[PDB]
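The next block holds one structure in the form of structure tokens; read it before the comments.
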Amino acid sequence: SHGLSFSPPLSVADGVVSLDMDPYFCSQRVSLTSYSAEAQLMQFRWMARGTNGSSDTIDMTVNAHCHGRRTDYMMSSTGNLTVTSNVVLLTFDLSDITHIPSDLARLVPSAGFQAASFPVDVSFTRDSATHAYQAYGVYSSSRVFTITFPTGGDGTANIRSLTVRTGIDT
Amino acid sequence: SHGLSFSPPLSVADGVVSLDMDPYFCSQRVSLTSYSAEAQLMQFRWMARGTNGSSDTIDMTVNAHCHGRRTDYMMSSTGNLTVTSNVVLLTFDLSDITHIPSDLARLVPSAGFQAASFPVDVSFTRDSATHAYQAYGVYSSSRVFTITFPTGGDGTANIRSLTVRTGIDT
Amino acid sequence: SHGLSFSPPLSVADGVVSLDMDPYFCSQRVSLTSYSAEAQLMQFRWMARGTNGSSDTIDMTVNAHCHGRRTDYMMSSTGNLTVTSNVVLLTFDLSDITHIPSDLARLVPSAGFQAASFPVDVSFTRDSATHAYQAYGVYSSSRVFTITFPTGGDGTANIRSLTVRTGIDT
């Protein structure tokens, strides 16, 4: 007879058998329960880059609420973005963050999450009018996602008061 | 002495003891962590059925974002819905989907979830004005939920640009 | 040789080794999966207290959707709130709830969650105009959170139709 062996996330050390727990995901308070890691509200500025229908950049003030392995993004723009077409792509690369939090892992999506486009709420003012769209993002790599949204009209224009609301599973 | 026996989700095969993991819920990367299953953004059309305060139907364009065991619904209507009263019930039965994704399990709520009404965001235009409500749905069975919302006024009318935003735990 | 010992959330009773599961977080259906606890939609009234930029109180009609260890709050006000400044703090203490649900644990945030400010969506009408803000709350203790939001203008005024939308991890 072979004895008993323990496969991850089960482990054994000095006769004690344990469940190894990601504290951002789970903990025990006797029974197996939700995360024990402290939540963070991160505040930083993110320079987004127009990558299609714009060669412009725009500063976003970002509040990243990290709770368990959910990071929720609340972004607001200062400035006008120059658009050239009826659709624009705005790229969000982790290198274009100033500040940059130490828990950078809270801004990288899981491999599971990265596999699909995800919903992004977009609003902005163009020609004094408030536009609002159900847009979509997709990660191109683990550090970079691009959102795609309508500009409100055609040709060259300036969109202002850009808000972005979305979230990722990390 | 009886020995040791392992209760689900613990299991033993050839001396190796494991935690069986639903990959839509959890995985191990050494420690027990969040889901490893790939996210999906599903796109299909859903014919909703007025079931009270309407005998009409309306085509919805649905984006179902499946991430872990969360499915988030973003629906937008093409067409007018005929209403007859100040409140309407709109039924969403899985059989009235065209396309219909192969991972249909992503559109069935958990028994836990099904036990309560859940929040649904509803908006639409009636008489040129944009209405918006915090509405509620409830599953009648595991395949069928009905949302209940105000129509914006009284008697016969046509509501347009119907949006529905909600999510289910599957 | 010492034998094998089982650390929480693993446990052993009469030779049977188990994973103890918080049913609000997890269950087994063979593999380890999401919560099995029934969801609740709670409905109660909550008297909020102006604690800075107001010495007033305001009745909120609250719908608390409890699903797993997520509680989502949908609040709507009846009445005017008297404000005195350009920013207001509104306190939500569990003692000021009437009704008060028996599953009060669904309205206490986790120690993890409590550690950070969290996003709160606020809207209201002032001077006939509809204001809307991305606001923030923070728990001062496990029973009491305070939201902080702009009033829409300055000096004494009355804000009406106050809505509050937020959620907590419990």
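Labeling convention for the structure tokens: chains A, B, ... as they appear, residues from 1 per chain, ligands from 1 in order of appearance.
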
Residues of chain A near chain B: apply a cut-off of 8 Å, count only C-alpha atoms, and supply the list as an mmCIF file with N, CA, C and O atoms, in the first residue's frame.
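This went into iface.cif:
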data_model
loop_
_atom_site.group_PDB
_atom_site.id
_atom_site.type_symbol
_atom_site.label_atom_id
_atom_site.label_comp_id
_atom_site.auth_asym_id
_atom_site.auth_seq_id
_atom_site.Cartn_x
_atom_site.Cartn_y
_atom_site.Cartn_z
ATOM 1 N N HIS A 2 0.553 2.133 -0.982
ATOM 2 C CA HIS A 2 0.977 3.528 -1.034
ATOM 3 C C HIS A 2 0.100 4.239 -0.010
ATOM 4 O O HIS A 2 -0.917 3.704 0.421
ATOM 5 N N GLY A 3 0.469 5.409 0.456
ATOM 6 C CA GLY A 3 -0.390 5.977 1.500
ATOM 7 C C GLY A 3 -1.308 7.028 0.918
ATOM 8 O O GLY A 3 -1.780 6.899 -0.215
ATOM 9 N N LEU A 4 -1.553 8.088 1.670
ATOM 10 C CA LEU A 4 -2.219 9.199 1.037
ATOM 11 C C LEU A 4 -1.374 10.450 0.809
ATOM 12 O O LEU A 4 -0.519 10.858 1.622
ATOM 13 N N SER A 5 -1.590 10.967 -0.397
ATOM 14 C CA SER A 5 -0.892 12.089 -0.980
ATOM 15 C C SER A 5 -1.931 13.222 -1.187
ATOM 16 O O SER A 5 -3.114 12.964 -1.409
ATOM 17 N N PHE A 6 -1.489 14.468 -1.091
ATOM 18 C CA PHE A 6 -2.408 15.602 -1.193
ATOM 19 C C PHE A 6 -2.089 16.536 -2.360
ATOM 20 O O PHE A 6 -0.976 17.075 -2.462
ATOM 21 N N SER A 7 -3.078 16.691 -3.240
ATOM 22 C CA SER A 7 -2.948 17.500 -4.443
ATOM 23 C C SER A 7 -3.353 18.957 -4.186
ATOM 24 O O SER A 7 -4.346 19.194 -3.490
ATOM 25 N N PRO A 8 -2.606 19.937 -4.758
ATOM 26 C CA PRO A 8 -2.961 21.363 -4.591
ATOM 27 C C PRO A 8 -4.409 21.640 -5.060
ATOM 28 O O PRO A 8 -4.822 21.108 -6.091
ATOM 29 N N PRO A 9 -5.181 22.452 -4.305
ATOM 30 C CA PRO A 9 -4.790 23.325 -3.179
ATOM 31 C C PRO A 9 -4.739 22.656 -1.776
ATOM 32 O O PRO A 9 -4.513 23.342 -0.766
ATOM 33 N N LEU A 10 -4.952 21.341 -1.707
ATOM 34 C CA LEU A 10 -4.676 20.611 -0.442
ATOM 35 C C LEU A 10 -3.168 20.442 -0.280
ATOM 36 O O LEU A 10 -2.469 20.190 -1.249
ATOM 37 N N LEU A 19 -5.981 23.459 3.589
ATOM 38 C CA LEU A 19 -6.389 24.063 2.327
ATOM 39 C C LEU A 19 -5.655 25.390 2.252
ATOM 40 O O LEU A 19 -5.868 26.272 3.090
ATOM 41 N N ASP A 20 -4.754 25.495 1.272
ATOM 42 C CA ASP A 20 -4.134 26.768 0.918
ATOM 43 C C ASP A 20 -5.152 27.710 0.250
ATOM 44 O O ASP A 20 -5.789 27.357 -0.740
ATOM 45 N N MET A 21 -5.313 28.895 0.831
ATOM 46 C CA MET A 21 -6.331 29.846 0.386
ATOM 47 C C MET A 21 -5.730 31.148 -0.137
ATOM 48 O O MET A 21 -4.868 31.735 0.506
ATOM 49 N N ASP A 22 -6.126 31.555 -1.340
ATOM 50 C CA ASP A 22 -5.860 32.908 -1.852
ATOM 51 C C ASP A 22 -6.693 33.837 -1.008
ATOM 52 O O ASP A 22 -7.918 33.745 -1.037
ATOM 53 N N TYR A 24 -7.365 36.956 -1.338
ATOM 54 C CA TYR A 24 -8.185 37.818 -2.212
ATOM 55 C C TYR A 24 -9.435 37.118 -2.679
ATOM 56 O O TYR A 24 -10.339 37.760 -3.199
ATOM 57 N N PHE A 25 -9.480 35.798 -2.506
ATOM 58 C CA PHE A 25 -10.645 35.000 -2.912
ATOM 59 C C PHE A 25 -11.377 34.334 -1.747
ATOM 60 O O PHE A 25 -12.609 34.374 -1.679
ATOM 61 N N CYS A 26 -10.622 33.731 -0.828
ATOM 62 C CA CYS A 26 -11.231 33.007 0.278
ATOM 63 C C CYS A 26 -10.430 33.045 1.583
ATOM 64 O O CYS A 26 -9.283 33.461 1.628
ATOM 65 N N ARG A 69 -11.229 39.797 -5.709
ATOM 66 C CA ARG A 69 -10.551 39.767 -6.999
ATOM 67 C C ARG A 69 -11.374 40.540 -8.075
ATOM 68 O O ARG A 69 -11.218 40.327 -9.294
ATOM 69 N N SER A 110 -7.732 38.301 -14.984
ATOM 70 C CA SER A 110 -7.429 36.894 -14.967
ATOM 71 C C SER A 110 -7.375 36.425 -16.400
ATOM 72 O O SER A 110 -7.877 37.123 -17.290
ATOM 73 N N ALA A 111 -6.736 35.276 -16.636
ATOM 74 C CA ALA A 111 -6.674 34.691 -17.953
ATOM 75 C C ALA A 111 -8.076 34.349 -18.410
ATOM 76 O O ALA A 111 -8.423 34.528 -19.570
ATOM 77 N N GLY A 112 -8.887 33.839 -17.494
ATOM 78 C CA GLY A 112 -10.311 33.663 -17.766
ATOM 79 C C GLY A 112 -11.031 34.915 -18.249
ATOM 80 O O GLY A 112 -11.736 34.873 -19.259
ATOM 81 N N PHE A 113 -10.859 36.024 -17.530
ATOM 82 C CA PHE A 113 -11.497 37.277 -17.900
ATOM 83 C C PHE A 113 -11.048 37.823 -19.259
ATOM 84 O O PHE A 113 -11.895 38.193 -20.089
ATOM 85 N N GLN A 114 -9.730 37.853 -19.471
ATOM 86 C CA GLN A 114 -9.120 38.320 -20.706
ATOM 87 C C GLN A 114 -9.636 37.681 -21.976
ATOM 88 O O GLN A 114 -9.382 38.220 -23.058
ATOM 89 N N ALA A 115 -10.328 36.546 -21.867
ATOM 90 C CA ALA A 115 -10.686 35.747 -23.052
ATOM 91 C C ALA A 115 -11.880 36.308 -23.842
ATOM 92 O O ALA A 115 -12.185 35.843 -24.940
ATOM 93 N N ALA A 116 -12.590 37.257 -23.243
ATOM 94 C CA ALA A 116 -13.776 37.860 -23.853
ATOM 95 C C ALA A 116 -13.749 39.387 -23.713
ATOM 96 O O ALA A 116 -13.198 39.921 -22.736
ATOM 97 N N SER A 117 -14.376 40.058 -24.679
ATOM 98 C CA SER A 117 -14.828 41.434 -24.512
ATOM 99 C C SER A 117 -15.743 41.555 -23.283
ATOM 100 O O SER A 117 -16.465 40.629 -22.930
ATOM 101 N N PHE A 118 -15.687 42.711 -22.634
ATOM 102 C CA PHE A 118 -16.475 42.973 -21.455
ATOM 103 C C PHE A 118 -17.215 44.325 -21.605
ATOM 104 O O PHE A 118 -16.735 45.214 -22.307
ATOM 105 N N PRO A 119 -18.375 44.479 -20.937
ATOM 106 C CA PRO A 119 -19.096 45.768 -21.023
ATOM 107 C C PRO A 119 -18.363 46.962 -20.398
ATOM 108 O O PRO A 119 -17.749 46.828 -19.342
ATOM 109 N N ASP A 169 -12.373 41.040 -13.516
ATOM 110 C CA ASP A 169 -12.073 39.975 -12.554
ATOM 111 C C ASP A 169 -10.566 39.755 -12.662
ATOM 112 O O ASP A 169 -10.050 39.555 -13.750
#

Check the DSSP output for the backbone and give back, as a PyMOL selection string, the residues of chain B in helix (DSSP H, G or I).
chain B and resi 94-96+104-107+111-114

If we count only C-alpha atoms and set the cut-off at 9 Å, which residues sit around residue C:143, ignoring sequence neighbours fewer than 4 positions away in its own chain? Please answer as a list in words.
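Listing them by chain and then by number gives residues 92, 93, 94, 95, 107, 108, 109 and 139 of chain C.
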
Filtering to N, CA, C and O atoms, could you give me those residues as a PDB file, in the first residue's frame?
ATOM      1  N   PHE C  92     -25.706  56.289   7.486  1.00  0.00           N
ATOM      2  CA  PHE C  92     -26.600  55.128   7.477  1.00  0.00           C
ATOM      3  C   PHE C  92     -26.193  54.108   8.568  1.00  0.00           C
ATOM      4  O   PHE C  92     -25.339  53.237   8.359  1.00  0.00           O
ATOM      5  N   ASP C  93     -26.814  54.264   9.728  1.00  0.00           N
ATOM      6  CA  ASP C  93     -26.662  53.433  10.903  1.00  0.00           C
ATOM      7  C   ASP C  93     -27.761  52.369  10.958  1.00  0.00           C
ATOM      8  O   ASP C  93     -28.957  52.679  10.804  1.00  0.00           O
ATOM      9  N   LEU C  94     -27.369  51.119  11.202  1.00  0.00           N
ATOM     10  CA  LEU C  94     -28.316  49.995  11.222  1.00  0.00           C
ATOM     11  C   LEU C  94     -29.467  50.164  12.229  1.00  0.00           C
ATOM     12  O   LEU C  94     -30.549  49.586  12.038  1.00  0.00           O
ATOM     13  N   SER C  95     -29.240  50.947  13.289  1.00  0.00           N
ATOM     14  CA  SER C  95     -30.283  51.186  14.311  1.00  0.00           C
ATOM     15  C   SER C  95     -31.464  52.046  13.801  1.00  0.00           C
ATOM     16  O   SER C  95     -32.549  52.019  14.392  1.00  0.00           O
ATOM     17  N   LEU C 107     -26.384  42.838   6.129  1.00  0.00           N
ATOM     18  CA  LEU C 107     -26.182  44.295   6.043  1.00  0.00           C
ATOM     19  C   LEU C 107     -24.911  44.789   6.751  1.00  0.00           C
ATOM     20  O   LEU C 107     -24.665  45.999   6.870  1.00  0.00           O
ATOM     21  N   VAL C 108     -24.106  43.840   7.216  1.00  0.00           N
ATOM     22  CA  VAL C 108     -22.802  44.114   7.839  1.00  0.00           C
ATOM     23  C   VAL C 108     -21.762  43.729   6.808  1.00  0.00           C
ATOM     24  O   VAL C 108     -21.840  42.625   6.287  1.00  0.00           O
ATOM     25  N   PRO C 109     -20.819  44.645   6.475  1.00  0.00           N
ATOM     26  CA  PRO C 109     -19.764  44.350   5.525  1.00  0.00           C
ATOM     27  C   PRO C 109     -18.618  43.538   6.144  1.00  0.00           C
ATOM     28  O   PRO C 109     -18.400  43.591   7.364  1.00  0.00           O
ATOM     29  N   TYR C 139     -17.274  52.857   5.882  1.00  0.00           N
ATOM     30  CA  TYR C 139     -17.829  52.450   7.178  1.00  0.00           C
ATOM     31  C   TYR C 139     -17.016  53.084   8.293  1.00  0.00           C
ATOM     32  O   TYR C 139     -15.795  53.085   8.231  1.00  0.00           O
TER      33      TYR C 139
END

Name all residues at most 10 Å from residue C:87 (count only C-alpha atoms; drop same-chain ones fewer than 4 positions away) and give them as a PyMOL selection string.
chain C and resi 52-54+83+148-154

Could you dump the residues just selected with N, CA, C and O atoms as an mmCIF file, in the first residue's frame?
data_model
loop_
_atom_site.group_PDB
_atom_site.id
_atom_site.type_symbol
_atom_site.label_atom_id
_atom_site.label_comp_id
_atom_site.auth_asym_id
_atom_site.auth_seq_id
_atom_site.Cartn_x
_atom_site.Cartn_y
_atom_site.Cartn_z
ATOM 1 N N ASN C 52 -22.931 66.379 8.360
ATOM 2 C CA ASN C 52 -22.026 67.468 8.023
ATOM 3 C C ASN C 52 -22.631 68.102 6.800
ATOM 4 O O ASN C 52 -23.141 67.370 5.936
ATOM 5 N N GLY C 53 -22.600 69.436 6.712
ATOM 6 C CA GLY C 53 -23.382 70.153 5.698
ATOM 7 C C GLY C 53 -24.896 69.906 5.730
ATOM 8 O O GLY C 53 -25.597 70.173 4.755
ATOM 9 N N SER C 54 -25.388 69.363 6.842
ATOM 10 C CA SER C 54 -26.823 69.172 7.119
ATOM 11 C C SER C 54 -26.983 68.666 8.551
ATOM 12 O O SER C 54 -26.202 67.819 9.011
ATOM 13 N N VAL C 83 -30.026 70.873 3.141
ATOM 14 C CA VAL C 83 -28.560 71.085 3.109
ATOM 15 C C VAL C 83 -28.157 72.559 3.360
ATOM 16 O O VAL C 83 -28.954 73.473 3.148
ATOM 17 N N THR C 148 -20.553 60.687 1.134
ATOM 18 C CA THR C 148 -20.129 62.076 0.985
ATOM 19 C C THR C 148 -20.426 62.436 -0.452
ATOM 20 O O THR C 148 -19.957 61.750 -1.343
ATOM 21 N N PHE C 149 -21.243 63.472 -0.672
ATOM 22 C CA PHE C 149 -21.584 63.921 -2.029
ATOM 23 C C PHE C 149 -21.828 65.459 -2.211
ATOM 24 O O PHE C 149 -22.240 66.160 -1.271
ATOM 25 N N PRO C 150 -21.591 65.977 -3.432
ATOM 26 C CA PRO C 150 -21.892 67.397 -3.713
ATOM 27 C C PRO C 150 -23.404 67.741 -3.716
ATOM 28 O O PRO C 150 -24.240 66.943 -4.176
ATOM 29 N N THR C 151 -23.744 68.926 -3.210
ATOM 30 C CA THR C 151 -25.155 69.328 -3.089
ATOM 31 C C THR C 151 -25.769 70.020 -4.312
ATOM 32 O O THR C 151 -26.988 70.127 -4.391
ATOM 33 N N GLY C 152 -24.943 70.458 -5.268
ATOM 34 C CA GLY C 152 -25.433 71.004 -6.542
ATOM 35 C C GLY C 152 -25.326 72.525 -6.668
ATOM 36 O O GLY C 152 -25.654 73.119 -7.743
ATOM 37 N N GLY C 153 -24.843 73.139 -5.584
ATOM 38 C CA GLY C 153 -24.837 74.577 -5.402
ATOM 39 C C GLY C 153 -24.378 74.898 -3.990
ATOM 40 O O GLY C 153 -23.734 74.073 -3.355
ATOM 41 N N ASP C 154 -24.735 76.088 -3.493
ATOM 42 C CA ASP C 154 -24.262 76.569 -2.189
ATOM 43 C C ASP C 154 -25.340 77.093 -1.239
ATOM 44 O O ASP C 154 -26.498 77.221 -1.620
#
